[PDB]
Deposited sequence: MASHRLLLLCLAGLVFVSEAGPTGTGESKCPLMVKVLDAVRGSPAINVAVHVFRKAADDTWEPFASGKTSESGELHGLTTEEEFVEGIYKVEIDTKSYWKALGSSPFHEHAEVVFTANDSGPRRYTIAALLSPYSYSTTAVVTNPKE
């Protein structure tokens, strides 16, 4: 078994590398998260077993704008602006 990555580099690059090797167990190597809203996750073992009265209401209001100039997209010789 031989694994070789990026033996020689002369210029000035910008590089993201992730090498995983498994031989004979979870993992997250590059993760980004924005505005994650999850309610009532993994709610116990036996809740609300016999009798329950629940008023579930959720409110998040307002004009929401998302601007991304680049999502998973590098450049080499470029100009990028978000006015």
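Participant: Numbering the deposited sequence from 1, which residue ranges have no coordinates here?
Facilitator: According to the record, the gaps fall at 1-31, 56-83, 143-147.
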